[PDB]
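Shown next: entry-v7.pdb, given as PDB, C-alpha atoms and all ligand atoms.
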```pdb
ATOM      1  CA  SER A   1       6.693  15.504  16.475  1.00  0.00           C
ATOM      2  CA  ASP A   2       9.434  15.842  19.092  1.00  0.00           C
ATOM      3  CA  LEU A   3       8.069  13.111  21.341  1.00  0.00           C
ATOM      4  CA  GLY A   4       7.382  11.177  18.143  1.00  0.00           C
ATOM      5  CA  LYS A   5      11.077  11.267  17.254  1.00  0.00           C
ATOM      6  CA  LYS A   6      11.871  10.024  20.750  1.00  0.00           C
ATOM      7  CA  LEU A   7       9.237   7.289  20.511  1.00  0.00           C
ATOM      8  CA  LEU A   8      10.696   5.921  17.285  1.00  0.00           C
ATOM      9  CA  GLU A   9      14.123   5.408  18.747  1.00  0.00           C
ATOM     10  CA  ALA A  10      12.837   4.109  22.095  1.00  0.00           C
ATOM     11  CA  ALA A  11      10.825   1.530  20.176  1.00  0.00           C
ATOM     12  CA  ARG A  12      13.878   0.516  18.148  1.00  0.00           C
ATOM     13  CA  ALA A  13      16.037   0.236  21.270  1.00  0.00           C
ATOM     14  CA  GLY A  14      13.553  -1.768  23.333  1.00  0.00           C
ATOM     15  CA  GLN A  15      13.102   0.891  26.017  1.00  0.00           C
ATOM     16  CA  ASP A  16       9.703  -0.301  27.285  1.00  0.00           C
ATOM     17  CA  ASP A  17       9.408   2.149  30.154  1.00  0.00           C
ATOM     18  CA  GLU A  18      10.356   5.105  27.944  1.00  0.00           C
ATOM     19  CA  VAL A  19       7.807   4.064  25.285  1.00  0.00           C
ATOM     20  CA  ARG A  20       5.098   3.975  27.948  1.00  0.00           C
ATOM     21  CA  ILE A  21       6.002   7.416  29.338  1.00  0.00           C
ATOM     22  CA  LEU A  22       6.171   8.918  25.889  1.00  0.00           C
ATOM     23  CA  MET A  23       2.745   7.616  24.930  1.00  0.00           C
ATOM     24  CA  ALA A  24       1.219   8.765  28.204  1.00  0.00           C
ATOM     25  CA  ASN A  25       2.633  12.186  27.399  1.00  0.00           C
ATOM     26  CA  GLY A  26       0.963  12.262  23.996  1.00  0.00           C
ATOM     27  CA  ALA A  27       3.653  11.004  21.607  1.00  0.00           C
ATOM     28  CA  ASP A  28       2.228  10.307  18.155  1.00  0.00           C
ATOM     29  CA  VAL A  29       2.116   6.517  17.936  1.00  0.00           C
ATOM     30  CA  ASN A  30       2.249   6.782  14.142  1.00  0.00           C
ATOM     31  CA  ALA A  31       5.132   9.248  13.963  1.00  0.00           C
ATOM     32  CA  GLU A  32       7.354   8.734  10.911  1.00  0.00           C
ATOM     33  CA  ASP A  33      11.062   9.299  10.354  1.00  0.00           C
ATOM     34  CA  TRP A  34      12.837  10.228   7.121  1.00  0.00           C
ATOM     35  CA  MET A  35      12.223   6.787   5.573  1.00  0.00           C
ATOM     36  CA  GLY A  36       8.586   6.508   6.643  1.00  0.00           C
ATOM     37  CA  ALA A  37       9.348   4.109   9.486  1.00  0.00           C
ATOM     38  CA  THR A  38       6.872   4.202  12.372  1.00  0.00           C
ATOM     39  CA  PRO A  39       7.437   3.039  15.938  1.00  0.00           C
ATOM     40  CA  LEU A  40       5.676  -0.211  15.103  1.00  0.00           C
ATOM     41  CA  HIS A  41       8.018  -0.800  12.152  1.00  0.00           C
ATOM     42  CA  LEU A  42      11.068  -0.315  14.323  1.00  0.00           C
ATOM     43  CA  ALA A  43       9.828  -2.377  17.268  1.00  0.00           C
ATOM     44  CA  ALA A  44       8.815  -5.195  14.910  1.00  0.00           C
ATOM     45  CA  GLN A  45      12.135  -5.079  13.057  1.00  0.00           C
ATOM     46  CA  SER A  46      14.231  -5.062  16.251  1.00  0.00           C
ATOM     47  CA  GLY A  47      12.259  -7.836  17.936  1.00  0.00           C
ATOM     48  CA  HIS A  48      10.707  -5.980  20.862  1.00  0.00           C
ATOM     49  CA  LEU A  49       7.489  -7.856  21.441  1.00  0.00           C
ATOM     50  CA  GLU A  50       6.123  -6.027  24.485  1.00  0.00           C
ATOM     51  CA  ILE A  51       6.610  -2.718  22.714  1.00  0.00           C
ATOM     52  CA  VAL A  52       4.886  -4.044  19.602  1.00  0.00           C
ATOM     53  CA  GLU A  53       1.869  -5.014  21.712  1.00  0.00           C
ATOM     54  CA  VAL A  54       1.789  -1.617  23.499  1.00  0.00           C
ATOM     55  CA  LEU A  55       1.887   0.269  20.212  1.00  0.00           C
ATOM     56  CA  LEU A  56      -0.841  -1.896  18.695  1.00  0.00           C
ATOM     57  CA  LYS A  57      -2.969  -1.357  21.769  1.00  0.00           C
ATOM     58  CA  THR A  58      -2.688   2.449  21.506  1.00  0.00           C
ATOM     59  CA  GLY A  59      -3.494   2.890  17.837  1.00  0.00           C
ATOM     60  CA  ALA A  60      -0.434   2.013  15.754  1.00  0.00           C
ATOM     61  CA  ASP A  61      -1.272   1.338  12.096  1.00  0.00           C
ATOM     62  CA  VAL A  62      -0.520  -2.354  11.626  1.00  0.00           C
ATOM     63  CA  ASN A  63      -0.420  -2.060   7.817  1.00  0.00           C
ATOM     64  CA  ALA A  64       1.652   1.106   7.460  1.00  0.00           C
ATOM     65  CA  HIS A  65       4.136   0.981   4.589  1.00  0.00           C
ATOM     66  CA  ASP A  66       7.496   2.741   4.848  1.00  0.00           C
ATOM     67  CA  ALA A  67       9.405   4.423   2.020  1.00  0.00           C
ATOM     68  CA  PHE A  68      10.464   0.969   0.755  1.00  0.00           C
ATOM     69  CA  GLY A  69       6.946  -0.462   0.935  1.00  0.00           C
ATOM     70  CA  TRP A  70       7.847  -2.548   3.987  1.00  0.00           C
ATOM     71  CA  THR A  71       5.083  -3.145   6.471  1.00  0.00           C
ATOM     72  CA  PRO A  72       5.793  -4.126  10.057  1.00  0.00           C
ATOM     73  CA  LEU A  73       5.023  -7.718   9.041  1.00  0.00           C
ATOM     74  CA  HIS A  74       7.643  -7.554   6.295  1.00  0.00           C
ATOM     75  CA  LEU A  75      10.213  -6.446   8.815  1.00  0.00           C
ATOM     76  CA  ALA A  76       9.355  -9.023  11.486  1.00  0.00           C
ATOM     77  CA  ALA A  77       9.255 -11.830   8.920  1.00  0.00           C
ATOM     78  CA  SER A  78      12.571 -10.762   7.417  1.00  0.00           C
ATOM     79  CA  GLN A  79      14.259 -10.540  10.795  1.00  0.00           C
ATOM     80  CA  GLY A  80      12.781 -13.808  12.028  1.00  0.00           C
ATOM     81  CA  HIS A  81      10.688 -12.638  14.974  1.00  0.00           C
ATOM     82  CA  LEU A  82       7.972 -15.295  15.163  1.00  0.00           C
ATOM     83  CA  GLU A  83       5.919 -14.067  18.114  1.00  0.00           C
ATOM     84  CA  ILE A  84       5.783 -10.586  16.612  1.00  0.00           C
ATOM     85  CA  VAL A  85       4.682 -12.057  13.285  1.00  0.00           C
ATOM     86  CA  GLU A  86       1.798 -13.764  15.095  1.00  0.00           C
ATOM     87  CA  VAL A  87       0.738 -10.659  17.034  1.00  0.00           C
ATOM     88  CA  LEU A  88       0.783  -8.537  13.901  1.00  0.00           C
ATOM     89  CA  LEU A  89      -1.330 -11.070  12.017  1.00  0.00           C
ATOM     90  CA  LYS A  90      -3.733 -11.204  14.940  1.00  0.00           C
ATOM     91  CA  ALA A  91      -3.920  -7.384  14.840  1.00  0.00           C
ATOM     92  CA  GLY A  92      -4.964  -7.647  11.177  1.00  0.00           C
ATOM     93  CA  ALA A  93      -1.672  -7.329   9.284  1.00  0.00           C
ATOM     94  CA  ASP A  94      -2.069  -8.065   5.554  1.00  0.00           C
ATOM     95  CA  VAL A  95      -0.229 -11.344   5.045  1.00  0.00           C
ATOM     96  CA  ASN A  96       0.259 -10.655   1.305  1.00  0.00           C
ATOM     97  CA  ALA A  97       1.134  -6.931   1.442  1.00  0.00           C
ATOM     98  CA  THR A  98       3.822  -5.996  -1.103  1.00  0.00           C
ATOM     99  CA  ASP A  99       6.817  -3.669  -0.893  1.00  0.00           C
ATOM    100  CA  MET A 100       8.520  -1.515  -3.544  1.00  0.00           C
ATOM    101  CA  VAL A 101      10.141  -4.551  -5.204  1.00  0.00           C
ATOM    102  CA  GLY A 102       6.842  -6.479  -5.142  1.00  0.00           C
ATOM    103  CA  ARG A 103       7.861  -8.780  -2.312  1.00  0.00           C
ATOM    104  CA  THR A 104       5.536 -10.211   0.333  1.00  0.00           C
ATOM    105  CA  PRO A 105       6.523 -11.190   3.868  1.00  0.00           C
ATOM    106  CA  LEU A 106       6.758 -14.801   2.662  1.00  0.00           C
ATOM    107  CA  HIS A 107       9.337 -13.743   0.061  1.00  0.00           C
ATOM    108  CA  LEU A 108      11.477 -12.186   2.765  1.00  0.00           C
ATOM    109  CA  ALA A 109      11.175 -15.075   5.206  1.00  0.00           C
ATOM    110  CA  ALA A 110      12.213 -17.464   2.450  1.00  0.00           C
ATOM    111  CA  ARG A 111      15.132 -15.280   1.373  1.00  0.00           C
ATOM    112  CA  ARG A 112      16.356 -14.993   4.956  1.00  0.00           C
ATOM    113  CA  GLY A 113      15.999 -18.695   5.800  1.00  0.00           C
ATOM    114  CA  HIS A 114      13.356 -18.393   8.522  1.00  0.00           C
ATOM    115  CA  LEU A 115      11.498 -21.715   8.330  1.00  0.00           C
ATOM    116  CA  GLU A 116       9.193 -21.215  11.292  1.00  0.00           C
ATOM    117  CA  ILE A 117       8.047 -17.887   9.840  1.00  0.00           C
ATOM    118  CA  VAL A 118       7.491 -19.481   6.419  1.00  0.00           C
ATOM    119  CA  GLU A 119       5.374 -22.206   8.005  1.00  0.00           C
ATOM    120  CA  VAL A 120       3.256 -19.742  10.008  1.00  0.00           C
ATOM    121  CA  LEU A 121       2.682 -17.339   7.118  1.00  0.00           C
ATOM    122  CA  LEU A 122       1.565 -20.285   4.986  1.00  0.00           C
ATOM    123  CA  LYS A 123      -1.007 -21.254   7.598  1.00  0.00           C
ATOM    124  CA  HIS A 124      -2.319 -17.653   7.542  1.00  0.00           C
ATOM    125  CA  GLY A 125      -2.943 -17.585   3.817  1.00  0.00           C
ATOM    126  CA  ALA A 126       0.344 -16.358   2.383  1.00  0.00           C
ATOM    127  CA  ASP A 127       0.433 -16.582  -1.432  1.00  0.00           C
ATOM    128  CA  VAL A 128       3.066 -19.157  -2.435  1.00  0.00           C
ATOM    129  CA  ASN A 129       2.798 -18.077  -6.083  1.00  0.00           C
ATOM    130  CA  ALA A 130       3.232 -14.332  -5.573  1.00  0.00           C
ATOM    131  CA  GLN A 131       5.804 -12.914  -7.989  1.00  0.00           C
ATOM    132  CA  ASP A 132       8.031  -9.938  -7.205  1.00  0.00           C
ATOM    133  CA  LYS A 133       9.231  -7.321  -9.690  1.00  0.00           C
ATOM    134  CA  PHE A 134      12.122  -9.629 -10.630  1.00  0.00           C
ATOM    135  CA  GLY A 135       9.670 -12.429 -11.467  1.00  0.00           C
ATOM    136  CA  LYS A 136      10.697 -14.417  -8.372  1.00  0.00           C
ATOM    137  CA  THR A 137       8.421 -16.442  -6.107  1.00  0.00           C
ATOM    138  CA  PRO A 138       9.285 -17.210  -2.515  1.00  0.00           C
ATOM    139  CA  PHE A 139      10.428 -20.627  -3.769  1.00  0.00           C
ATOM    140  CA  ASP A 140      12.840 -18.940  -6.171  1.00  0.00           C
ATOM    141  CA  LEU A 141      14.316 -16.901  -3.331  1.00  0.00           C
ATOM    142  CA  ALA A 142      14.677 -20.011  -1.177  1.00  0.00           C
ATOM    143  CA  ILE A 143      16.677 -21.652  -3.990  1.00  0.00           C
ATOM    144  CA  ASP A 144      18.730 -18.526  -4.616  1.00  0.00           C
ATOM    145  CA  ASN A 145      19.776 -18.629  -0.946  1.00  0.00           C
ATOM    146  CA  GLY A 146      20.300 -22.395  -0.611  1.00  0.00           C
ATOM    147  CA  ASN A 147      17.333 -22.929   1.724  1.00  0.00           C
ATOM    148  CA  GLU A 148      16.223 -26.365   0.561  1.00  0.00           C
ATOM    149  CA  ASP A 149      13.847 -27.135   3.447  1.00  0.00           C
ATOM    150  CA  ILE A 150      11.907 -23.943   2.906  1.00  0.00           C
ATOM    151  CA  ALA A 151      11.893 -24.706  -0.778  1.00  0.00           C
ATOM    152  CA  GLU A 152      10.467 -28.184  -0.163  1.00  0.00           C
ATOM    153  CA  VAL A 153       7.758 -26.793   2.114  1.00  0.00           C
ATOM    154  CA  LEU A 154       6.812 -24.117  -0.403  1.00  0.00           C
ATOM    155  CA  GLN A 155       6.599 -26.740  -3.150  1.00  0.00           C
ATOM    156  CA  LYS A 156       4.236 -28.895  -1.105  1.00  0.00           C
ATOM    157  CA  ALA A 157       2.049 -25.893  -0.381  1.00  0.00           C
ATOM    158  CA  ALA A 158       1.825 -25.021  -4.075  1.00  0.00           C
ATOM    159  CA  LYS A 159       0.950 -28.611  -5.042  1.00  0.00           C
ATOM    160  CA  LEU A 160      -1.753 -28.713  -2.348  1.00  0.00           C
TER     161      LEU A 160
HETATM  162 CL    CL B 201      15.937 -24.187   4.590  1.00  0.00          CL
END
```
Can you give me the file's structure in the form of C-alpha cells?
Amino acid sequence: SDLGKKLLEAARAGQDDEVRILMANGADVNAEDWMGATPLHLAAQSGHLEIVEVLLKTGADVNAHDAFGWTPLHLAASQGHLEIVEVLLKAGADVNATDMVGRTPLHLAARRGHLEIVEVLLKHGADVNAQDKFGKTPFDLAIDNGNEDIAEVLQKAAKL
C-alpha cells in the first residue's frame, strides 16, 4: 500500500533504480491509485520502456483497466510509444480491448496521429471496423483530426 503508492509515482517519473528497490522490498506491482492506474499504466503512458519491462517481468497485469477503461496498451498507443506498444503486445496485451467510451488502442492512435502505432496495431490484428460509443471507427477519428495518411492506411486495411 505505502510502497505501492511510491511505486506508482516512481514508474510515472522514470525512476528505474527506485522502481527496482521498491519491488525488491515487496511493493505491490499491481497497486492502484484513485483512478485505478497501476504502475504499468503509468510507465506505459509516460514512455518508460525499461520500467515497463521490469513491471511485466515481476507480475504486472498487462490487461488491467483503469477507471476510464484504459489499458496500458491504450495509454502507450495514445501517447505514441512504439516500443512499449510492442512489448505490451508481446506480453499478451489485448489489441482490441475497449475503454469506457468503447475505444480501442487503434482508435486512440488514429485520433492522436501516431502512424507507426496504427501500422503496428494493424499487423497485430487490430479491428479496423470497431465502433466506439459515439459510432466512430478509427477511420472516423483520423478524419476528425485531419490525419489523412492514417485514414488512407485504415481504408486499405478495411478493403483487404
Ligand atoms: Cl496522418
Would you work out the distance separating atom CA of residue A:159 from atom CA of residue A:93, expressed in Å to one decimal?
->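 The value is 25.8 Å.
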Protein and nucleic residues near ligand CL 201 (chain B), 7 Å, all atoms listed in the file, as a count of residues only = 7
Could you jot down the atom CA of residue A:65 to atom CA of residue A:38 separation for me, Å, one decimal place?
->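 These two atoms are separated by 8.9 Å.
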Pick out the residues sitting within 8 Å of residue A:61, and hand them over as a PyMOL selection string; count all atoms listed in the file, and ignore anything fewer than 3 positions along from it in its own chain.
-> chain A and resi 30+40+56+64
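Note that the spacing between atom CA of residue A:33 and atom CA of residue A:76 amounts to 18.4 Å.
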When the PyMOL selection byres (((chain A and resi 123) around 12) and not hetatm) is applied to the structure above, which residues does it catch, written out as a JSON list (two decimals) with C-alpha atoms, in the frame of the given file?
```
[["chain", "number", "residue", "atom", "x", "y", "z"],
["A", 86, "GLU", "CA", 1.80, -13.76, 15.10],
["A", 89, "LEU", "CA", -1.33, -11.07, 12.02],
["A", 95, "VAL", "CA", -0.23, -11.34, 5.04],
["A", 106, "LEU", "CA", 6.76, -14.80, 2.66],
["A", 116, "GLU", "CA", 9.19, -21.22, 11.29],
["A", 117, "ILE", "CA", 8.05, -17.89, 9.84],
["A", 118, "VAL", "CA", 7.49, -19.48, 6.42],
["A", 119, "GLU", "CA", 5.37, -22.21, 8.01],
["A", 120, "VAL", "CA", 3.26, -19.74, 10.01],
["A", 121, "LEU", "CA", 2.68, -17.34, 7.12],
["A", 122, "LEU", "CA", 1.56, -20.28, 4.99],
["A", 124, "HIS", "CA", -2.32, -17.65, 7.54],
["A", 125, "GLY", "CA", -2.94, -17.58, 3.82],
["A", 126, "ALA", "CA", 0.34, -16.36, 2.38],
["A", 127, "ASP", "CA", 0.43, -16.58, -1.43],
["A", 128, "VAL", "CA", 3.07, -19.16, -2.44],
["A", 153, "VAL", "CA", 7.76, -26.79, 2.11],
["A", 154, "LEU", "CA", 6.81, -24.12, -0.40],
["A", 157, "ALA", "CA", 2.05, -25.89, -0.38]]
```
Starting from the displayed file, determine the output of the PyMOL selection byres (((chain A and resi 137) around 12) and not hetatm) and express the residue list as a PyMOL selection string.
-> chain A and resi 102-111+126-136+138-144+151+154-155+158
What lies within 9 Å of residue A:73 using all atoms listed in the file, ignoring chain neighbours under 2 positions off, as an MDAnalysis selection string?
-> chainID A and resid 41 44:45 62:63 70:71 75:78 84:85 88:89 93:95 97 105
Residue IDs satisfying the PyMOL selection byres (((chain A and resi 12-29) around 10) and not hetatm), as a PyMOL selection string | chain A and resi 1-11+30-32+38-52+54-56+58-61
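The residue that comes closest to residue A:145, out of A:112, A:90, A:34, A:99 and on the basis of only C-alpha atoms, is A:112.
The residue that comes closest to residue A:80, out of A:92, A:35, A:114, A:156 and on the basis of all atoms listed in the file, is A:114.
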Edge lengths and centre in Å, axis-aligned, stretch 69-73 of chain A plus 5 Å each side, as JSON:
```
{"center_x": 6.4, "center_y": -4.1, "center_z": 5.5, "size_x": 12.8, "size_y": 17.3, "size_z": 19.1}
```
